[PDB]
Amino acid sequence: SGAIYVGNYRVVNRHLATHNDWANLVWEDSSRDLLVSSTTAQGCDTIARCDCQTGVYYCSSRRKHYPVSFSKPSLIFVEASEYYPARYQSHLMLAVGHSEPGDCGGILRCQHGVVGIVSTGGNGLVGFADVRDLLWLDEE
Ligand SMILES: [Zn+2]
């Protein structure tokens, strides 16, 4: 589990979104496994605005933050998980590392802020849903 709290936005994995998220929906995209809902309280996370390919992610199933290199956001074929069938997922970045279903929502961060959240795992790879292209998170 986990979210990003920027401005009056909460960014979560679409497959973990709550009723309250859908009841306060701003934007969602199944192909990216993302959903954004509106918040009453201001959040304090900063979204990275960059093309970094190195950063650190939180892996809840190891209670550890791991430094990783990660790929550029792309359309990646992902094997079946407990929460999606095998499919293409868009705006996804891969690293070599551990990720199990409960790790979804863990933050990937670089020097500029939050890059994205864990979304995929298996075959010794971790996949992160990029948020750096969602420039509207910075405003309004
Ligand atoms: Zn960066």
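We use all heavy atoms of the structure for the numbers below, so side chains are in, but hydrogens, waters and symmetry mates are not. Sequence positions, counted from 1, serve as the residue numbers for this chain.
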ask   = Which heavy-atom pair separates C52 from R132 by the least distance, and what is that distance?
value = O-NH1, 2.9 Å
inquiry  = Would the distance check show the side chain of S71 and the main-chain N or O of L94 forming a donor-acceptor pair, the cut-off being under 3.5 Å?
reply    = yes
key: Closest contact, heavy atoms only, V12 versus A3   = CG1-CB, 3.5 Å
Step-by-step side chain to side chain contact (heavy atoms under 4.5 Å, CB included) determination, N13 to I117 = CA-CA 8 Å; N13 297 96; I117 52 171; 3.7 Å; yes
inquiry  = Pair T46, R109 - check side chain to side chain donor-acceptor pair (under 3.5 Å), show working.
reply    = CA-CA 10 Å; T46 297; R109 59 179 87 238; over 6 Å; no
request  = Please say whether more than 12 non-hydrogen atoms of neighbouring residues, nucleotides or ligands are located less than 6.0 Å from OH in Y83.
outcome  = yes
query = What's the spacing between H91 NE2 and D133 CG if we round to 0.5 Å?
reply = 5.5 Å
ask   = With distance as the sole criterion, is a donor-acceptor pair present between the side chains of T18 and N20 under 3.5 Å?
value = no
task = Using modelled atom types only, decide if a donor and an acceptor are shared between the side chain of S99 and the backbone of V126 within a distance under 3.5 Å.
result = no
inquiry  = Could you check whether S37 and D21, counting side-chain N and O atoms only, form a donor-acceptor pair closer than 3.5 Å?
reply    = yes
inquiry  = side chain to side chain contact (heavy atoms under 4.5 Å, CB included), that's the test. Do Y57 and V118 meet it? Break it down for me.
reply    = CA-CA 8 Å; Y57 84 103; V118 175; 3.9 Å; yes
task = Answer yes or no: is there a side-chain heavy-atom contact under 4.5 Å between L108 and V68?
result = yes
key: Side-chain donor-acceptor contact under 3.5 Å, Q89 with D33   = no
query = Can you find a side-chain donor-acceptor pair between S60 and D103 that sits under 3.5 Å?
reply = yes
task = Check whether any side-chain heavy atom of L137 sits under 4.5 Å from a side-chain heavy atom of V36, and report yes or no.
result = yes
query = Any side-chain heavy-atom pair from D130 and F70 closer than 4.5 angstrom?
reply = no
request  = Mind listing the closest non-hydrogen atom pair of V131 and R49 along with its distance?
outcome  = O-NH1, 3.4 Å
query = Mind checking whether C104 and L16 have side chains closer than 4.5 Å, heavy atoms only?
reply = yes
ask   = Got a second to check how far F128's CZ is from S119's OG, nearest 0.5 Å?
value = 10.5 Å
request  = Kindly state whether the ring of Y84 and the ring of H15 have centres lying under 6.0 angstrom apart.
outcome  = yes
task = Starting from the C-alpha separation in whole Å, work towards a yes-or-no answer on side chain to side chain contact (heavy atoms under 4.5 Å, CB included) for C110 and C50.
result = CA-CA 9 Å; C110 66; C50 66; 3.7 Å; yes
query = Within the distance-only criterion (no hydrogens, no angle test), does the side chain of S61 pair as donor or acceptor with the backbone N or O of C59 below 3.5 angstrom?
reply = no
ask   = Under 4.5 Å between any side-chain heavy atoms of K72 and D51, yes or no?
value = yes
message = Quick one, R10 and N24 - any side-chain contact, counting heavy atoms below 4.5 Å?
response = no
query = For the residue pair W22 and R14, what are the closest heavy atoms and their distance?
reply = CH2-NH2, 3.7 Å
Side chain proximity check, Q53 to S69, heavy atoms < 4.5 angstrom = no
ask   = Would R62 count as a cation-pi partner of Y66, with NZ or CZ less than 6.0 Å from the six-membered ring centre and within 45° of the ring normal?
value = no
message = For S90 versus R32, what's the shortest heavy-atom pair and its separation?
response = OG-CG, 3.2 Å
task = Give a yes or no on whether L75 and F77 share a hydrophobic cluster (residues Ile, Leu, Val, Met, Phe, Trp, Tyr; joining criterion: side-chain heavy atoms under 4.5 Å apart).
result = yes
request  = Take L25 and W27, measure what side chain to side chain contact (heavy atoms under 4.5 Å, CB included) needs, and give me the verdict at the end.
outcome  = CA-CA 6 Å; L25 184 64; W27 168 85; 5.8 Å; no
ask   = Any side-chain heavy atom of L134 sitting closer than 4.5 Å to one from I47?
value = no
task = Can you measure from CG (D45) to CD1 (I107) and round to the nearest 0.5 angstrom?
result = 5.0 Å
key: Closest approach of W136 to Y9 (non-hydrogen atoms, all atoms of both residues)   = O-CE1, 3.6 Å
query = Any chance CD of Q42 has more than 12 other-residue heavy atoms, nucleotides or ligands included, within less than 6.0 Å?
reply = yes
